[PDB]
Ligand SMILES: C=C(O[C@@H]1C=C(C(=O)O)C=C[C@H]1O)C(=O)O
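Take a look at this single chain, the form solved without this ligand, given in structure tokens.
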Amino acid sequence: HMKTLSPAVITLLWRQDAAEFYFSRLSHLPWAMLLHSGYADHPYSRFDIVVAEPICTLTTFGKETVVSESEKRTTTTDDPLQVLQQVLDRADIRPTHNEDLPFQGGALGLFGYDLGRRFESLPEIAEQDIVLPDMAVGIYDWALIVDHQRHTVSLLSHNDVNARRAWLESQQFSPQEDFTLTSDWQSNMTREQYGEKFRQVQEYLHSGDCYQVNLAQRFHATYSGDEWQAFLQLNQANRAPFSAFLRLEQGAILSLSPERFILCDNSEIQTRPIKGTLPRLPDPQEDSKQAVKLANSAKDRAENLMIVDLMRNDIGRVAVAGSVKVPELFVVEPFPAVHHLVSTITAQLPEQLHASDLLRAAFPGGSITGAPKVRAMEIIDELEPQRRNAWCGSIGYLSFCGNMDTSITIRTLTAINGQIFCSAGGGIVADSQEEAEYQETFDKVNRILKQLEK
């Protein structure tokens, strides 16, 4: 459109902690956002991204999206991702791809699970008890990129990168009162109530309604103090490559997600569904054995491939011709709490589509709903007491260049007016067993939950 020129870049001083160091001073500002690769040794852990002070914001509650510019505020009932794509286009910033700068400004933030209700007709049984947007995205004409591969810190801006450097260096950090939990963790279900729901799900798998359902429970506690101090210590401990801290108008999202939803890099699509998890074991001899048990488990390989078939279909609707490939299956990825079974699907985005169109076609993830997707979601809404909200949605960016990357917000806390929420699920098949799957949820978030207990 008007600006095809590449953004002005300024290299700052390399330090491994550059993102946490610069973001500390912004952590309290609504629309201040960090994507952090968790300092992980991982093939998909290279970049930390820092934004704040958006030129434009989008907030979706139910059927309304509010688009707020400097003074202008509009409300619309239109498809939220169509509204987002219109706002990106209207910014008139169109740079070429840069493999070193994957986000060159553009949209960044949260697509909550219940945004999916805008793309599929679903029942309204589950209770909506958290007021936080289904979509909370800022448009940024600058960013700070920390590249752990090249050991580079880049400050880019489409306006005045020099003023932004100064604006950033001028901000200073008065460490806020420390985070404490002011109650014990408490589930939204008894172990009895889990069972009643676990049995009801398997009853639905026998009818052959569906093949797989992710069933989740939610823990709540009261907290006081600064959520940013909590994040610093969780980020250290979780080494998760799709980690994020979002400061929203309504509260904070602390994502320690290890899962990538969809990457769109120079039109090359990649999704890495996690399906299959075994807990990590103390003895280093017995833990190397878990990695092989998990890789070689027929029940777990079957469940994963079901989800690969689902993701192949979601991506295949919109992918180019015969581009949908499955280059890698059942790689085991070790994380502090758990070993995960990860498969990767690749494809090509057609030049007629946008990453936003790809995201609409696939959202929310097959890995955290089930198969068929619509029936899995119908059941989840029927049996889970409360809506998932920010949990099992996606955090990510849509660059002005066309690129995108997103997470699944598993291992993700919502902190809102003194209440903190943490959810844990698990794929359920006819073959799987009640107590194993109940205990699987605990194994997934115990280190998170207990690290905050003091």
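So that there is no doubt, residue numbering starts at 1 and follows the sequence shown. Only the largest set of C-alpha atoms that superpose within 1.5 Å between the two forms is called the rigid core.
Taken in 5 other deposited structures of this protein and fitted on the core, 302-310 and 94-102 differ in how far their Cα atoms move from the shown form, and the one that moves more is 302-310.
Of the two segments 173-181 and 195-203, the one whose CA positions lie farther from the displayed form in 5 other deposited structures of this protein, once all are superposed on the rigid core, is 173-181. Per the records, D283 is among the residues left out by at least a third of the other compared entries, whereas the shown structure includes it.
In at least a third of the other PDB entries of this protein that model the residues around it, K293 has no coordinates. Two stretches are in play, 260-268 and 197-205, and the higher mean C-alpha B-factor belongs to 197-205. Comparing 372-380 with 87-95, the higher mean C-alpha B-factor in the PDB entry belongs to 372-380. Each of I345, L101, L81, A298 has a CA temperature factor in the record; the biggest one is found at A298. Highest C-alpha temperature factor among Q186, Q352, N304, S224 per the entry: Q186. Compared with the other modelled residues of the chain, the Cα B-factor recorded for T414 ranks in the middle third.
For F173, the recorded CA temperature factor ranks within the highest third of the chain's modelled residues. The entry lists a Cα temperature factor for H220 that places it in the highest third of the chain's modelled residues. In the deposited entry, the Cα temperature factor of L12 places it in the middle third of its chain's modelled residues. Ranked within its chain, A240 lands in the middle third, by CA B factor from the PDB record.
The form solved in complex with this ligand is left out here; the points below concern that form.
The single contact residue among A143, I93, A355, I368, judged by any heavy atom lying within 4.5 Å of this ligand in the deposited bound form, is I368. A single residue from the set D314, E303, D226, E378 has any heavy atom within 4.5 angstroms of this ligand in the deposited bound form; that residue is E303. Of the heavy atoms in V50, none are within 4.5 Å of this ligand in the deposited bound form. The shortest heavy atom separation between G276 and this ligand in the deposited bound form is within 4.5 Å. This ligand is not shown here, but in the deposited bound form it comes within 4.5 Å of a heavy atom of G427. Contact between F400 and this ligand in the deposited bound form is not found at the 4.5 Å heavy atom cutoff. Partner contacts here mean any heavy atom within 4.5 Å of this ligand in the deposited bound form, and among 360-368, 192-200, 174-182, 160-168 they occur only in 360-368. Remark: all three candidate residues (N214, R411 and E440) come within 4.5 Å of this ligand in the deposited bound form, counting heavy atoms only.
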